[PDB]
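What follows is each chain in one-letter form.
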Amino acid sequence: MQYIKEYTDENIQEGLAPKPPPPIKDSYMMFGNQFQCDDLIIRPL
Amino acid sequence: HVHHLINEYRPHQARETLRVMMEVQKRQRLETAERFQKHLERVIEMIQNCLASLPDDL
Amino acid sequence: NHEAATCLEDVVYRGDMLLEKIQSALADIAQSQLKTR
Amino acid sequence: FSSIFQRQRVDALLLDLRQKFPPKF
Amino acid sequence: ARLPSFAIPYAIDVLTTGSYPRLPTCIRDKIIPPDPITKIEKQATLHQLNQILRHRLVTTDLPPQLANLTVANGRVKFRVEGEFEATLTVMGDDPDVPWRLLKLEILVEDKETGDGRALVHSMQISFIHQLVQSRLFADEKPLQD
Amino acid sequence: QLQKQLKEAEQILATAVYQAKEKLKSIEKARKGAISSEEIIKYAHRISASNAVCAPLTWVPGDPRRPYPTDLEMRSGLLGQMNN
Amino acid sequence: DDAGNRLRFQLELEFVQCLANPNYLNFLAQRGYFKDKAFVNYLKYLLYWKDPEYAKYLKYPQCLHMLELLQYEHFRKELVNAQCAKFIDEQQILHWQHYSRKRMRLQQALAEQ
Amino acid sequence: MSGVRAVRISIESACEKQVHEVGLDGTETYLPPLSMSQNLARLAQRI
């Protein structure tokens, strides 16, 4: 595995120095082996 | 062809069952509703007889 | 189910204004017997 | 990695209290 | 070709709650020690204790001579101002409970008999405290005796 | 007799409104959350299309299908590919 | 810089998904990272997936379940034995069958009648 | 589907039955206490 350090100290800070929330993804999502994008067809005929 | 046609009730089954339990809690909301008038007017009559016995206790 | 919330909350409010009155009707005679001592 | 040096008469008459009010179970 | 189940329920537990109730609770129960009492709830329970005390005493056989008291903050503050101050609190419910002698102090004092010391040691305070409490555990009538 | 009637008549009333006030506040927490039913159906389709949060009908000791994704979904997961 | 936000989001997502594995936290335990002051500062920080907004990208339950045990720091000094990590693993899978065991009884109830 | 709107209707989860411990081959045991004012006594016993 891997250990993360780039943004761990980004969010333990003061004020708005921790990053704002990401916007809602309205595009390709890269979760896992599938794509699981939005507005997909439920089943092929 | 035979295998694709049969499987059509996996999203269809969810529509009946999401309905049917929640009229029971509506019923439970209902059977506690007339519980409330059977309770609120049962203590008004308690107030009434206490007020009816209020001067008669003298 | 929307109106069941409204029909339930209205008799709740009938309980609310009634309990607020009689708890005060409890209270006004509740501290009254303190000063009787 | 003490006493007030009057405890002797305090306890003496407290001893008189123990023979009148003893501890009771 | 076959497809498995989906189950909507569990999706409610994932989405509506940030915790997952269909996880074995006995893991935390057996290992992890519990959590104490919090804020914004103790005030209500103490005022519940305030009410059950002020109704216990109007029922229980009161000695009406001089024992002025305030049942505030869960303690009756049993006191006659000459010699006696104690905080007594019911350990449990209203009707049949014994009491406890949570605080004890004596209002009798002198400024020159002792050597600037509290004339009484705290070991007698405890010696009274359980003597009250063992007889409170002897379960007598609480107020008159 | 008037006051002992007064305290006990309210005593039953206090019990009668105790369960009532318990019933008033219980419905206070019930209606705070409300979600449309269509994406309720769609979410249960997503997170458990396969038997992921719910178990299969036939599960035997030794199935890799676990509530945790196990190592095969981690190393084939994107963290175990882009950096390590 | 949209690359940093997305890449870190999916890197940190799988980290708690890796933390959903009880044997991985056992792998922390023989590695002795439970008492590291930077990591206890990091693992207290890591508790921000509890909100449902970040949990729509989160898929499995006991990631958040066993992370809170690590917060008390009492649970962190143990797990050096693999037997207690296996016990946590075994009881989790003994209750993951809940919906299966619930469904088969109602199926048995309907088949019996 | 079929152009249904998204509104905020109340759905209550089936919280009638809870699960704590699983025995062999299922058949769990169900335990909500749902106590009365006796719960007020326990918070004062620790006091």
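Analysis parameters
- Residues numbered from 1 in each chain as written, not as in the entry; some residues may be left out.
- Chains lettered and ligands numbered in written order.
- Part of a larger assembly, values for the part shown.
- Heavy atoms only, no water.
- Helix = DSSP H or I, 4+ residues; strand = E, 2+ residues; numbered from the N terminus.
- Buried < 20%, exposed > 50% of the residue type's maximum accessible area, 1.4 Å probe, protein only.
- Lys, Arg positive; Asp, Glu negative; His and termini not counted.
- Charge placed at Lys NZ, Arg CZ, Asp CG, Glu CD.
- Contact = heavy atoms within 4.5 Å.
- Buried area = accessible area lost by both parts, 1.4 Å probe.
- Salt bridge = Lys/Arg side-chain N within 4 Å of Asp/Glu carboxyl O.
- Nonpolar A, V, L, I, M, F, W, Y, C, P; charged D, E, K, R; others polar.

- What the entry reports as its method is cryo-EM, with 8.2 Å given for the resolution.

**Considerations on the overall build of chain C**
Phase 1 of the analysis: Within chain C one finds two helices and zero strands.
Phase 2 of the analysis: When its C-alpha atoms are laid out on the principal axes, chain C stretches across 55 × 10 × 5 Å.
Phase 3 of the analysis: Here chain C holds 37 residues, and the buried ones make up 19% of them.
Phase 4 of the analysis: Looking at chain C, you have 4 positive and 6 negative side-chain charges, and the mean spots of the two groups are 18 Å apart.

**Side note on the side chain of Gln17 of chain G**
Phase 1 of the analysis: The topology assignment puts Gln17 of chain G in helix 1 (residues 2-19).
Phase 2 of the analysis: Those residues in contact with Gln17 of chain G, other than ones at most four positions away along the chain, are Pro69 and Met74 of chain F together with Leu58, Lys59, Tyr60 and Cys63 of chain G.

**Let's talk about the interface of chain B and chain H**
Phase 1 of the analysis: The interface of chain B with chain H comprises five residues on the first partner and four residues on the second.
Phase 2 of the analysis: Buried surface at the junction of chain B and chain H, both sides included, amounts to about 450 Å², of which 49% is carbon and sulfur.
Phase 3 of the analysis: Three residues, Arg15, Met22 and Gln25 of chain B, lead the burial of chain B against chain H; their summed loss comes to 69% of the area buried on that side.
Phase 4 of the analysis: Joining chain B to chain H, the criterion identifies zero salt bridges.

**Side note on the interface of chain F and chain G**
Phase 1 of the analysis: Facing 20 residues of chain F, the contacting portion of chain G comprises 25 residues.
Phase 2 of the analysis: Across the interface of chain F and chain G, roughly 2100 Å² is buried in total on both sides, 66% from carbon and sulfur atoms.
Phase 3 of the analysis: Seen at the junction of chain F and chain G, the total is one salt bridge.
Phase 4 of the analysis: For the side of chain F that touches chain G, the secondary-structure elements that each account for two or more residues are helix 2 (37-47) and helix 4 (79-82) of chain F.
Phase 5 of the analysis: For the side of chain F that touches chain G, a count of residues per class yields 15 nonpolar, two polar and three charged.

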